[PDB]
Amino acid sequence: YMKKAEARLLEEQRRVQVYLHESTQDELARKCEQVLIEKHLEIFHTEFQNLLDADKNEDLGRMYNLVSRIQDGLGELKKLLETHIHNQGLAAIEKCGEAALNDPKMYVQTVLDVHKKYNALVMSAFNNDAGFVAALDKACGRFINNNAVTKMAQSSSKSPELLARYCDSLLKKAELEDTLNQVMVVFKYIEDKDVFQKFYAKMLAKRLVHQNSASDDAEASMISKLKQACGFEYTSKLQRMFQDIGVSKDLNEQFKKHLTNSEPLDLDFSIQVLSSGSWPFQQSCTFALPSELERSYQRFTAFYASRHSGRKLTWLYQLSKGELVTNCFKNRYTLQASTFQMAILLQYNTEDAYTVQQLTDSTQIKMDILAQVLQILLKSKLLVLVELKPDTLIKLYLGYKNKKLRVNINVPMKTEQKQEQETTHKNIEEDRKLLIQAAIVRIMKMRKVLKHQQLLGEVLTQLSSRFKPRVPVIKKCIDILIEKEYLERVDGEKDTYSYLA
Amino acid sequence: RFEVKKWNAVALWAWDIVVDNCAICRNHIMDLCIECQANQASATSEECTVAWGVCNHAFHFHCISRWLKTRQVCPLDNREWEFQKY
Amino acid sequence: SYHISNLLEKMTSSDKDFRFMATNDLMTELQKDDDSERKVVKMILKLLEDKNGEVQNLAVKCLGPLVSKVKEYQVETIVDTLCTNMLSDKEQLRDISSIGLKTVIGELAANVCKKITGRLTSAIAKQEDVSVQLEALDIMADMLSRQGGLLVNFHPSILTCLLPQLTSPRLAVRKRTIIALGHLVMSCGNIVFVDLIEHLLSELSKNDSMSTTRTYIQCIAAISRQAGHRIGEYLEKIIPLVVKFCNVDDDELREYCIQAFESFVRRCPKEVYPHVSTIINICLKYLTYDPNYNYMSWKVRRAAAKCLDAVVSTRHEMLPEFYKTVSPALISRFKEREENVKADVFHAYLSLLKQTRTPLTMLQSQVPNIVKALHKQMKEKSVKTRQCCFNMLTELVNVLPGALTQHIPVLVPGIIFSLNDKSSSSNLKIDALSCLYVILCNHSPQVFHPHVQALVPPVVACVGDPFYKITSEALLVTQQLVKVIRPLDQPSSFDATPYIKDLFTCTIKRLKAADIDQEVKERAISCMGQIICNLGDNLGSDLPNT
Ligand SMILES: [Zn+2]
Ligand SMILES: [Zn+2]
Ligand SMILES: [Zn+2]
C-alpha cells in the first residue's frame, strides 16, 4: 500500500500539472494526502512497530517519506523508536548475565553493537533527522546509565569502571583507533565521568610504573581524545606522570654513568622515582630488607642525598619486581617474582623447612599479605606444606619441573582487585563531598547573601559536567560548613545564608 | 642458592623540611588536628585527612583550609597554593 | 558598564575563587561598549597563563562565545596570539593554545582561515620538532573538516606542505598526514587531486624503502574511501601496482593491498568490473595462506575473507560464478583454527546466502557439503562457532524451505547437545531454539517422527528455565512441536499419547503464574490454545480448569 500511495501521489501531480489549472495544485495535494495517509495512521503505527521488530530498512524509509508530509505526524514514530531502542539495549545487556559484571569487553561490545546498528538505521532511513537523533541519544543514555549490570552492583558507577577497564585492556600488552573512537562516543552518554577519570588515571599509573604498554603513540592518541572530550585540568594532572617518568629515566641513566667510576654492583638495577603528590600509590606495609639488596639501596640513597638536599625517599616494596636465577633445583631456571616472593624465597638457600610463625618474624611481613603470597607460591608448584595456621610447617619441595626456562610466578591476588575497587569508590565519594563544599564556598564568596534554591541551582550547574549531586549531600555539606564557621544563617528571613569571613 | 639477576624498584620522594609532622600544627601527620583532637568527635572529625599540593607539601586538610582563609600562599614556599591530592 | 569594570577588577584579585567566579559570570553574560572589548580580550588571553587549572579551563571555554560578539580585528589578533603561542617553549602554553585554537575553529571566517593556513603551513613545513608538527596537522585536519571549500587559493600550498610528510621517521606524522589528505580530497579542485594521484603513483613505481610503500598504499586506500567516484578513472593504472606488490613476501604489505582491493570493490563499483576476476583470484589464493601449519599471518587471511565478503555483497549479476568457485573454498575453509578468521568466513558465506534471495539449484547441490562441514563444527567447545553454525542453518532454511530433508538425523543431535550443556550461554540456547523452530516450521511432519522422543525432554527442560527469554523461545518451539506431533490437515499414524502429559504440565505452570513477564504470558496462552485445539480429546478433567 505504501508503494501504491506513492505512485498515486505522483500520478496526481502529473494530472494537475498537465491538464488542470495551477490554483488546484495545493488543494489536490492536501486532499490526496489526507485521504491516503492521514486516515490510516493507526495502521501505520502498528506496521512501524512490526518493521522495527523485523529489520526492514527500505520499508521504514518509505514510511518516513510518506508520513513526513503530514503536519506533526512524526512524533509518535520518534516515541516508538526511542522505546524500541531502550528495550533492545536492556534486552541485549540482560542476555549477557553473570559474566558481564566481570567482563568489560562483553559489556562494551554489546553497547557498541546496539548503538552502531541503530545509528546506521537513523542515518540510512530517517535522513539523519534531528528528532530521531535526539531519541536515539536519550535511549542510549537511559540504558547505559541503568541496566541489569548496574542493578547487580547496586550502583550506577559500574559502567564507567567497566569502560575504564576495557580501555586498560586495549592499551595493555590500526584497528585500535576505531575502538578508541567508539569508546569516546560511549563516554559522552555517561553521567558519572569522575569515576571513569579516576579509574583510568590509576590504571595508567599502573601501566607506566610497570612498563607494560602496547605503544606510546596509542597513549598519546588517547590523551588527545581525552583533551577533546574532558577538560584541560585532567590532562594537566595526567601529564605529570609522563614528566616524572622522563625525569626518572634520565636519573637512572646518569646513575648508571656514575656507577662506572666505582665498584660494580652484584645486580642489574633500575629505579622509578616518583613524586608523592602526583601518583595514587599509598604507603607500603612493613618489610625487612633482605641482606642481598642492602648495597644497592644504600648506594642509591647516598646518591640521591648527594644530588638533592631536602628530599627523602620512601620505598614502595609492593610495586617492585625482578628476576631470580636459581641453581639448587633439578636444573637451571630463571624466576620472575616480586620483592615479597624473593623475601619469602631467598630467606633460606640450604635450609629445607620453616615455620610460618617464625618466617613472618624473620621477614617482618603482616599476616594477611604473607598468607596470600604463601598460597600464591603454593599454587605455583614451588613450595609444599586448604587453611593456614601459625604452627603450620612449610618446606621447600625439590624435584619441581617446568616446561620452560622462563617462569612468571607473579600473579595478582584475588582480594586485591576487590579491595582496590572498594577503596577507589569510597575515595570518589569523599572527593565529591569536598568538591561540593568548595563550590558552595565559591558561590557564597561571590554572592554575599543568597537563598537556598539559587545556591542549589548554581551548584548543580557548576558540577554538572562531572557528576550529578544529590540534594541530601548538598544539605549535609551546607550543615558541615556552617559548623566550621564558613557561612551563617541570618536572623529572621528564614532559609537564607550569608557569607562569614 | 638463589641469585638476583636484576631488580626494578619504585620509590617516592617527599620534602624533608618536616619530619613526618604537620607544619601549621606540630603534631604527627597521620594523627588528628589540634582542633579535632581537642574538641569532641563529630562529623567534622570523620573527614580529617592529609592534603597535598603542587609543590608536594603535605598538611592536614583542616590546617591548610584554616590557613587559606586569610592568606593565599603556601606556608613553606611562597608560591600560590593549589590542591592536587586528598 | 559598571558590571564589566567590576568583573575586570576582580579578575586580578590574587584569589582563585574570585577569578573563577568573575570568569564564570562573564561567560554567562556572553551566552545571553567598544573600548571595554580591548580590555576583556587582553584579560582572557592573559588568563591562559594563570596558576590555576580551573581558570585556564574557564578561559578556554570563554574563547568560544567571545569571537561571535567581537569585532573582526580583535578576532584576528586573538588568532595571531594563539598561533604564535603555539610555537612557544612551555608545554602548557602549547597545549592550551592548541585547545583554544581548536575551540575557535570549531564554532564559527574566510579571513581568519586564510590567516591560520599560512601559520599551519609554516609549522608543518619545519621538521625540527615533532610535537608542533602533530598539533599543526591535527588543527589543519579539524579546519578542513568544516568550511574547507573556502580555501580554494591555498590548496596547492596545502598539498606542497603535506606531501613530503609521508616520509618522516615518525609514524604518527604519517597517519595524521593521511587523514589530512583524505579531508583535503573530500573537497578540492581537479588539478590538486590529479597531481596528488600521479605523485602517489610515481612514488609507488620506485621502491625507495619498504616502509614507504606501506604508507603509500594506505594513503591510496584512504583516498579511495574518501573520494570514491573521483578515483574510478585511474583504476586501470592503480590495480597493476597493487597486484605486483601482493607477491612481495611481506606479511604486513599483503594486508594493506587486500584492504585497498576491498576499498576499490566497495566504494567505486561502476569502474571496477574488469578487475573483479583478478581481485577474486588473489583473495582465493591468499585466503588459505599459512606456512607454519599443515592440516602473525592471520591478518592476511582476515583481509582476504573480508574482501570476498565485500565483493559478494555488492555484485548481484555474478551469482553463478560465485557458486562455481567461491562457495567450495569457503565451505572447505570452515575448519579454520583461528576464531576471527572463521567468523569472517562464516560472515562471507552468510552474505552470499542473503544475496542468493538458477542459483537455487546450485545451492541445493551444495547443501550436503555445508551439512558435512557444519556437523564437525557443532561439537566444538566454542560458543561463537556454534552460534555461527546455528545462524547459518537458520538462513539456509530461510532461503530454501526444504533444504535439510535428508540431513535431520545428523543435524538433530547437534541441536540436542547444544540445548543441554552447562557451558552453553543464554544466547547459544536462544539461537538453537530459534533454529529448531525454523527447521520445524518449514519441513514435513513425517521426518521428525523418529526424533520426538529425543526432542521432547530438552524442550520441556528449556520451558522451565529460570531466564524468561529461554522460556519464551521454548514455548514458541513447543507450539510448533504440538502442531507437528498431531497434524489435522493431513493423516498420520504417529502415536502422541506419552508426550501429551509432559507438554501440558510444562505449559500449565507458566499459564498460572501471575508474576511472569508479559511475553511469557502471551506465549503460554497461545501454546495452551494450540494444545487444546490439537489434543483436546486426550486431556481428562484438566480441560474445564484450563
Ligand atoms: Zn596540622
Ligand atoms: Zn583535622
Ligand atoms: Zn609548598
# chains A, B, ... in the order shown; residues from 1 in each chain; ligands from 1

$ select_by_dssp --residues "stretch 235-334 of chain C" --states "helix (DSSP H, G or I)" --output "ChimeraX atom specification"
/C:235-246,251-267,273-286,298-314,319-334

$ write_last_selection --atoms "C-alpha atoms" --output "compact mmCIF listing (two decimals), in the first residue's frame"
# COMPACT_ATOMS: atom_id res chain seq x y z
CA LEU C 235 41.99 2.18 -11.54
CA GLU C 236 43.43 0.87 -14.82
CA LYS C 237 46.85 2.09 -13.66
CA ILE C 238 46.33 1.64 -9.91
CA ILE C 239 45.44 -2.07 -9.97
CA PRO C 240 48.62 -3.49 -11.62
CA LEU C 241 50.85 -1.90 -8.97
CA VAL C 242 48.81 -3.45 -6.15
CA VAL C 243 48.81 -6.82 -7.94
CA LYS C 244 52.59 -6.66 -8.30
CA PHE C 245 53.05 -5.68 -4.65
CA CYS C 246 50.79 -8.52 -3.46
CA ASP C 251 53.03 -10.19 5.72
CA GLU C 252 52.28 -6.55 6.57
CA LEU C 253 52.39 -5.47 2.91
CA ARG C 254 49.83 -8.04 1.71
CA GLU C 255 47.18 -6.92 4.20
CA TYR C 256 47.27 -3.30 3.02
CA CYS C 257 46.98 -4.45 -0.60
CA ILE C 258 43.94 -6.62 0.15
CA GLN C 259 42.33 -3.79 2.12
CA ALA C 260 42.90 -1.47 -0.85
CA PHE C 261 41.28 -4.07 -3.11
CA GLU C 262 38.27 -4.22 -0.78
CA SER C 263 38.02 -0.42 -0.76
CA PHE C 264 38.09 -0.34 -4.57
CA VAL C 265 35.42 -3.05 -4.75
CA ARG C 266 33.10 -1.36 -2.26
CA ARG C 267 33.41 2.38 -2.82
CA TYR C 273 34.17 -4.74 -13.09
CA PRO C 274 37.15 -5.71 -15.32
CA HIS C 275 39.39 -6.36 -12.29
CA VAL C 276 36.78 -8.26 -10.26
CA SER C 277 38.05 -11.60 -11.56
CA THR C 278 41.69 -10.95 -10.65
CA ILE C 279 40.72 -9.50 -7.25
CA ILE C 280 38.70 -12.65 -6.55
CA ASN C 281 41.59 -14.86 -7.70
CA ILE C 282 44.08 -13.08 -5.42
CA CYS C 283 41.69 -13.29 -2.47
CA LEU C 284 41.08 -17.00 -3.05
CA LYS C 285 44.82 -17.65 -3.36
CA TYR C 286 45.64 -15.77 -0.14
CA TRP C 298 46.03 -14.47 10.28
CA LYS C 299 45.69 -10.80 9.29
CA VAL C 300 46.08 -11.56 5.58
CA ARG C 301 43.51 -14.36 5.84
CA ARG C 302 41.10 -11.99 7.61
CA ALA C 303 41.65 -9.38 4.90
CA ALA C 304 41.04 -11.92 2.13
CA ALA C 305 37.83 -13.13 3.78
CA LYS C 306 36.59 -9.56 4.25
CA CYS C 307 37.38 -8.69 0.62
CA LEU C 308 35.48 -11.76 -0.58
CA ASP C 309 32.55 -10.72 1.62
CA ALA C 310 32.66 -7.22 0.12
CA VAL C 311 32.79 -8.45 -3.48
CA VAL C 312 29.95 -10.93 -2.91
CA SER C 313 27.70 -8.46 -1.09
CA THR C 314 27.86 -5.80 -3.84
CA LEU C 319 25.96 -15.35 -8.61
CA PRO C 320 26.66 -18.30 -10.98
CA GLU C 321 30.40 -17.59 -10.89
CA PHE C 322 30.24 -17.21 -7.10
CA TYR C 323 28.56 -20.59 -6.66
CA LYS C 324 31.01 -22.04 -9.20
CA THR C 325 34.24 -21.06 -7.46
CA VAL C 326 33.88 -19.02 -4.24
CA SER C 327 31.46 -21.26 -2.33
CA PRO C 328 33.54 -24.50 -2.25
CA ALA C 329 36.55 -22.55 -0.96
CA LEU C 330 34.61 -21.12 1.99
CA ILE C 331 32.97 -24.48 2.70
CA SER C 332 36.38 -26.16 2.80
CA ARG C 333 37.76 -23.30 4.92
CA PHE C 334 35.07 -23.54 7.61

$ residues_near_ligand --ligand "ligand 3" --cutoff "6 Å" --atoms "only C-alpha atoms and all ligand atoms" --output "list in words"
residues 55, 57, 74, 76 and 77 of chain B

$ residues_around --residues "residue B:20" --least-positions-apart "2" --cutoff "12 Å" --atoms "only C-alpha atoms" --output "PyMOL selection string"
(chain A and resi 312+314) or (chain B and resi 14-18+22-23+25-31+50+57-60)

$ closest_residue --among "A:93, A:382, A:394, A:144" --to "chain C" --atoms "only C-alpha atoms"
A:93

$ select_by_dssp --residues "stretch 174-364 of chain A" --states "strand (DSSP E)" --output "number ranges by chain"
A: 268-275, 311-315, 321-326, 333-338, 353-355

$ write_last_selection --atoms "C-alpha atoms" --output "PDB file, in the first residue's frame"
ATOM      1  CA  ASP A 268      71.210  -5.001  37.364  1.00  0.00           C
ATOM      2  CA  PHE A 269      69.498  -2.002  38.956  1.00  0.00           C
ATOM      3  CA  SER A 270      66.617   0.101  37.643  1.00  0.00           C
ATOM      4  CA  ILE A 271      64.740   2.692  39.694  1.00  0.00           C
ATOM      5  CA  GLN A 272      61.493   4.632  39.242  1.00  0.00           C
ATOM      6  CA  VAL A 273      61.453   7.779  41.397  1.00  0.00           C
ATOM      7  CA  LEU A 274      58.014   9.386  41.524  1.00  0.00           C
ATOM      8  CA  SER A 275      56.506  12.480  43.106  1.00  0.00           C
ATOM      9  CA  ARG A 311      64.316  15.096  49.571  1.00  0.00           C
ATOM     10  CA  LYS A 312      63.859  11.802  51.413  1.00  0.00           C
ATOM     11  CA  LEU A 313      62.954   8.540  49.694  1.00  0.00           C
ATOM     12  CA  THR A 314      60.068   6.229  50.585  1.00  0.00           C
ATOM     13  CA  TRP A 315      60.399   2.768  49.041  1.00  0.00           C
ATOM     14  CA  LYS A 321      59.838  -6.725  40.982  1.00  0.00           C
ATOM     15  CA  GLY A 322      62.818  -8.524  39.481  1.00  0.00           C
ATOM     16  CA  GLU A 323      64.250 -11.748  38.104  1.00  0.00           C
ATOM     17  CA  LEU A 324      65.692 -14.591  40.188  1.00  0.00           C
ATOM     18  CA  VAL A 325      68.138 -17.135  38.765  1.00  0.00           C
ATOM     19  CA  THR A 326      68.228 -20.443  40.637  1.00  0.00           C
ATOM     20  CA  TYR A 333      65.672 -21.869  35.890  1.00  0.00           C
ATOM     21  CA  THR A 334      65.009 -18.133  35.835  1.00  0.00           C
ATOM     22  CA  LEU A 335      62.225 -16.841  38.082  1.00  0.00           C
ATOM     23  CA  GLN A 336      60.188 -13.640  37.771  1.00  0.00           C
ATOM     24  CA  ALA A 337      58.940 -12.618  41.208  1.00  0.00           C
ATOM     25  CA  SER A 338      58.089  -9.628  43.378  1.00  0.00           C
ATOM     26  CA  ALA A 353      61.784 -26.300  56.149  1.00  0.00           C
ATOM     27  CA  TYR A 354      60.460 -23.392  58.196  1.00  0.00           C
ATOM     28  CA  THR A 355      57.516 -22.390  60.373  1.00  0.00           C
TER      29      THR A 355
END

$ residues_near_ligand --ligand "ligand 2" --cutoff "7 Å" --atoms "only C-alpha atoms and all ligand atoms" --output "JSON, numbers by chain"
{"B": [32, 33, 35, 36, 45, 48, 49, 60, 61, 62, 63]}

$ interface_residues --of "chain B" --to "chain A" --cutoff "6 Å" --atoms "only C-alpha atoms" --output "list in words"
residues 1, 2, 3, 4, 5, 6, 7, 8, 9, 10, 11, 12, 13, 14, 15, 16, 52 and 56 of chain B

$ atom_distance --atom1 "atom CA of residue A:332" --atom2 "atom CA of residue A:385"
23.5 Å

$ interface_residues --of "chain A" --to "chain C" --cutoff "9 Å" --atoms "only C-alpha atoms" --output "number ranges by chain"
A: 95-97, 217, 227-228, 231-234, 236, 441-443, 445-446

$ write_last_selection --atoms "N, CA, C and O atoms" --output "PDB file, in the first residue's frame"
ATOM      1  N   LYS A  95      20.938 -10.320  28.432  1.00  0.00           N
ATOM      2  CA  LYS A  95      21.266 -11.660  27.952  1.00  0.00           C
ATOM      3  C   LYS A  95      22.674 -12.083  28.347  1.00  0.00           C
ATOM      4  O   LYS A  95      22.954 -13.284  28.435  1.00  0.00           O
ATOM      5  N   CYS A  96      23.574 -11.123  28.577  1.00  0.00           N
ATOM      6  CA  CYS A  96      24.946 -11.468  28.938  1.00  0.00           C
ATOM      7  C   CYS A  96      24.999 -12.206  30.271  1.00  0.00           C
ATOM      8  O   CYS A  96      25.704 -13.213  30.403  1.00  0.00           O
ATOM      9  N   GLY A  97      24.263 -11.721  31.268  1.00  0.00           N
ATOM     10  CA  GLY A  97      24.127 -12.434  32.523  1.00  0.00           C
ATOM     11  C   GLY A  97      25.202 -12.152  33.554  1.00  0.00           C
ATOM     12  O   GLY A  97      25.669 -11.018  33.689  1.00  0.00           O
ATOM     13  N   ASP A 217      52.388   5.795  21.008  1.00  0.00           N
ATOM     14  CA  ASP A 217      51.512   6.547  20.117  1.00  0.00           C
ATOM     15  C   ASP A 217      50.049   6.350  20.489  1.00  0.00           C
ATOM     16  O   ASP A 217      49.248   7.289  20.408  1.00  0.00           O
ATOM     17  N   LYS A 227      41.582  15.044  25.928  1.00  0.00           N
ATOM     18  CA  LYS A 227      41.600  16.501  25.838  1.00  0.00           C
ATOM     19  C   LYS A 227      40.375  17.013  25.096  1.00  0.00           C
ATOM     20  O   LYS A 227      39.744  17.990  25.515  1.00  0.00           O
ATOM     21  N   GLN A 228      40.034  16.367  23.981  1.00  0.00           N
ATOM     22  CA  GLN A 228      38.873  16.794  23.207  1.00  0.00           C
ATOM     23  C   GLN A 228      37.583  16.630  24.003  1.00  0.00           C
ATOM     24  O   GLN A 228      36.698  17.491  23.947  1.00  0.00           O
ATOM     25  N   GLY A 231      38.267  18.141  30.084  1.00  0.00           N
ATOM     26  CA  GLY A 231      38.812  19.479  30.144  1.00  0.00           C
ATOM     27  C   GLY A 231      40.318  19.509  29.997  1.00  0.00           C
ATOM     28  O   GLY A 231      40.941  18.591  29.458  1.00  0.00           O
ATOM     29  N   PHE A 232      40.909  20.599  30.485  1.00  0.00           N
ATOM     30  CA  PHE A 232      42.353  20.781  30.462  1.00  0.00           C
ATOM     31  C   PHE A 232      43.016  20.446  31.792  1.00  0.00           C
ATOM     32  O   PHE A 232      44.207  20.119  31.809  1.00  0.00           O
ATOM     33  N   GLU A 233      42.271  20.508  32.898  1.00  0.00           N
ATOM     34  CA  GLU A 233      42.847  20.198  34.203  1.00  0.00           C
ATOM     35  C   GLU A 233      43.191  18.718  34.328  1.00  0.00           C
ATOM     36  O   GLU A 233      44.245  18.364  34.870  1.00  0.00           O
ATOM     37  N   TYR A 234      42.314  17.839  33.837  1.00  0.00           N
ATOM     38  CA  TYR A 234      42.558  16.403  33.942  1.00  0.00           C
ATOM     39  C   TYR A 234      43.786  15.989  33.139  1.00  0.00           C
ATOM     40  O   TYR A 234      44.626  15.217  33.620  1.00  0.00           O
ATOM     41  N   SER A 236      46.254  17.978  32.340  1.00  0.00           N
ATOM     42  CA  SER A 236      47.399  18.558  33.033  1.00  0.00           C
ATOM     43  C   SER A 236      47.837  17.680  34.195  1.00  0.00           C
ATOM     44  O   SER A 236      49.038  17.498  34.431  1.00  0.00           O
ATOM     45  N   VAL A 441      31.388  27.176  48.919  1.00  0.00           N
ATOM     46  CA  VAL A 441      32.212  28.275  49.414  1.00  0.00           C
ATOM     47  C   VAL A 441      32.426  29.318  48.323  1.00  0.00           C
ATOM     48  O   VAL A 441      32.376  30.525  48.583  1.00  0.00           O
ATOM     49  N   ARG A 442      32.660  28.874  47.085  1.00  0.00           N
ATOM     50  CA  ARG A 442      32.902  29.820  45.994  1.00  0.00           C
ATOM     51  C   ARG A 442      31.688  30.709  45.738  1.00  0.00           C
ATOM     52  O   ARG A 442      31.810  31.940  45.663  1.00  0.00           O
ATOM     53  N   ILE A 443      30.502  30.105  45.581  1.00  0.00           N
ATOM     54  CA  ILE A 443      29.310  30.927  45.347  1.00  0.00           C
ATOM     55  C   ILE A 443      29.026  31.842  46.535  1.00  0.00           C
ATOM     56  O   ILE A 443      28.707  33.024  46.351  1.00  0.00           O
ATOM     57  N   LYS A 445      31.183  33.126  48.433  1.00  0.00           N
ATOM     58  CA  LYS A 445      32.172  34.195  48.418  1.00  0.00           C
ATOM     59  C   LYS A 445      31.815  35.251  47.380  1.00  0.00           C
ATOM     60  O   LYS A 445      31.950  36.454  47.632  1.00  0.00           O
ATOM     61  N   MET A 446      31.356  34.821  46.201  1.00  0.00           N
ATOM     62  CA  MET A 446      30.987  35.793  45.175  1.00  0.00           C
ATOM     63  C   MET A 446      29.707  36.533  45.541  1.00  0.00           C
ATOM     64  O   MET A 446      29.646  37.764  45.439  1.00  0.00           O
TER      65      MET A 446
END

$ closest_residue --among "B:38, B:43, B:64, B:19" --to "ligand 1" --atoms "only C-alpha atoms and all ligand atoms"
B:64

$ interface_residues --of "chain C" --to "chain B" --cutoff "8 Å" --atoms "only C-alpha atoms" --output "mmCIF file with N, CA and C atoms, in the first residue's frame"
data_model
loop_
_atom_site.group_PDB
_atom_site.id
_atom_site.type_symbol
_atom_site.label_atom_id
_atom_site.label_comp_id
_atom_site.auth_asym_id
_atom_site.auth_seq_id
_atom_site.Cartn_x
_atom_site.Cartn_y
_atom_site.Cartn_z
ATOM 1 N N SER C 14 44.117 38.145 42.993
ATOM 2 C CA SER C 14 45.096 37.270 43.633
ATOM 3 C C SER C 14 44.449 36.148 44.435
ATOM 4 N N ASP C 15 43.150 35.922 44.258
ATOM 5 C CA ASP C 15 42.433 34.821 44.887
ATOM 6 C C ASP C 15 41.750 34.007 43.800
ATOM 7 N N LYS C 51 47.895 30.420 37.200
ATOM 8 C CA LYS C 51 48.482 29.392 38.048
ATOM 9 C C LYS C 51 47.468 28.360 38.522
ATOM 10 N N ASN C 52 46.213 28.463 38.093
ATOM 11 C CA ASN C 52 45.165 27.525 38.472
ATOM 12 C C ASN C 52 44.559 26.915 37.217
#

$ residues_around --residues "stretch 164-169 of chain A" --least-positions-apart "4" --cutoff "6 Å" --atoms "only C-alpha atoms" --output "ChimeraX atom specification"
/A:104-105,196,200

$ residues_around --residues "residue A:214" --least-positions-apart "2" --cutoff "6 Å" --atoms "only C-alpha atoms" --output "JSON, numbers by chain"
{"A": [171, 172, 173]}

$ write_last_selection --atoms "C-alpha atoms" --output "compact mmCIF listing (two decimals), in the first residue's frame"
# COMPACT_ATOMS: atom_id res chain seq x y z
CA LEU A 171 46.10 -0.36 25.84
CA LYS A 172 47.96 -3.17 27.64
CA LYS A 173 50.45 -5.62 26.11

$ residues_around --residues "stretch 63-65 of chain C" --least-positions-apart "4" --cutoff "10 Å" --atoms "only C-alpha atoms" --output "PyMOL selection string"
chain C and resi 27-32+41+44-45+57-59+69-70+78+100-108

$ write_last_selection --atoms "N, CA, C and O atoms" --output "short mmCIF file (atom, residue, chain, number, x, y, z; two decimals), in the first residue's frame"
data_model
loop_
_atom_site.label_atom_id
_atom_site.label_comp_id
_atom_site.auth_asym_id
_atom_site.auth_seq_id
_atom_site.Cartn_x
_atom_site.Cartn_y
_atom_site.Cartn_z
N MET C 27 31.29 34.56 31.27
CA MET C 27 30.86 33.55 30.31
C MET C 27 29.34 33.46 30.25
O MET C 27 28.76 33.32 29.16
N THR C 28 28.68 33.54 31.40
CA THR C 28 27.22 33.58 31.42
C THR C 28 26.69 34.81 30.70
O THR C 28 25.69 34.75 29.98
N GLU C 29 27.37 35.95 30.88
CA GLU C 29 26.92 37.19 30.24
C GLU C 29 26.99 37.09 28.72
O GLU C 29 26.04 37.46 28.02
N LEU C 30 28.10 36.58 28.18
CA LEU C 30 28.23 36.48 26.73
C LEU C 30 27.38 35.38 26.10
O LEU C 30 27.25 35.36 24.87
N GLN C 31 26.80 34.48 26.89
CA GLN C 31 25.90 33.47 26.35
C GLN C 31 24.45 33.92 26.34
O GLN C 31 23.57 33.13 25.97
N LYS C 32 24.17 35.15 26.75
CA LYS C 32 22.80 35.67 26.76
C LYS C 32 22.80 37.19 26.59
O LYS C 32 23.36 37.72 25.63
N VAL C 41 39.40 41.19 25.99
CA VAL C 41 40.19 40.30 25.15
C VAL C 41 41.58 40.08 25.76
O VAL C 41 42.06 38.94 25.83
N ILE C 44 41.28 37.85 28.86
CA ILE C 44 41.05 36.45 28.53
C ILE C 44 42.32 35.81 28.00
O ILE C 44 42.67 34.69 28.37
N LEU C 45 43.04 36.52 27.12
CA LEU C 45 44.26 35.95 26.55
C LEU C 45 45.34 35.76 27.60
O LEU C 45 46.08 34.77 27.57
N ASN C 57 40.80 26.48 32.19
CA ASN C 57 39.69 25.80 31.54
C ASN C 57 38.54 26.77 31.25
O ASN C 57 37.96 26.74 30.17
N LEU C 58 38.22 27.63 32.22
CA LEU C 58 37.16 28.61 32.01
C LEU C 58 37.52 29.58 30.89
O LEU C 58 36.66 29.98 30.10
N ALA C 59 38.79 30.00 30.82
CA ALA C 59 39.21 30.90 29.76
C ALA C 59 39.08 30.25 28.39
O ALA C 59 38.60 30.88 27.43
N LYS C 69 30.85 37.78 19.22
CA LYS C 69 30.29 39.06 19.64
C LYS C 69 31.34 40.16 19.71
O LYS C 69 31.18 41.13 20.45
N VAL C 70 32.43 40.02 18.95
CA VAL C 70 33.53 40.98 18.97
C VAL C 70 33.90 41.31 17.53
O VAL C 70 33.69 40.51 16.62
N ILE C 78 43.41 37.78 18.29
CA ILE C 78 43.31 36.58 19.12
C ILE C 78 43.90 35.39 18.39
O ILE C 78 44.67 34.60 18.96
N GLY C 100 42.57 25.98 22.58
CA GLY C 100 41.83 27.20 22.27
C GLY C 100 41.63 27.40 20.78
O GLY C 100 40.56 27.83 20.34
N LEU C 101 42.66 27.11 19.99
CA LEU C 101 42.54 27.25 18.54
C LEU C 101 41.52 26.28 17.97
O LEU C 101 40.74 26.64 17.09
N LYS C 102 41.52 25.03 18.46
CA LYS C 102 40.51 24.08 18.02
C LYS C 102 39.11 24.55 18.41
O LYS C 102 38.16 24.42 17.63
N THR C 103 38.96 25.11 19.61
CA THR C 103 37.66 25.63 20.03
C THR C 103 37.21 26.78 19.13
O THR C 103 36.04 26.84 18.74
N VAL C 104 38.12 27.69 18.79
CA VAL C 104 37.77 28.82 17.93
C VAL C 104 37.39 28.34 16.54
O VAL C 104 36.41 28.82 15.95
N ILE C 105 38.15 27.39 15.98
CA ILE C 105 37.85 26.90 14.64
C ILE C 105 36.52 26.16 14.61
O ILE C 105 35.72 26.31 13.68
N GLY C 106 36.25 25.35 15.64
CA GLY C 106 35.06 24.50 15.61
C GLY C 106 33.77 25.30 15.56
O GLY C 106 32.88 25.00 14.76
N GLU C 107 33.66 26.32 16.40
CA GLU C 107 32.50 27.20 16.41
C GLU C 107 32.84 28.47 15.62
O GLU C 107 33.74 29.22 15.99
N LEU C 108 32.15 28.66 14.50
CA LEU C 108 32.44 29.78 13.61
C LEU C 108 31.36 29.93 12.55
O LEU C 108 31.02 31.05 12.15
#

$ residues_around --residues "residue A:357" --least-positions-apart "2" --cutoff "12 Å" --atoms "only C-alpha atoms" --output "count of residues only"
20

$ atom_distance --atom1 "atom CA of residue C:522" --atom2 "atom CA of residue C:412"
28.0 Å

$ closest_residue --among "C:145, C:196, C:289, C:132" --to "residue C:160" --atoms "only C-alpha atoms"
C:196

$ closest_residue --among "B:34, B:41, B:51, B:68" --to "ligand 1" --atoms "only C-alpha atoms and all ligand atoms"
B:34
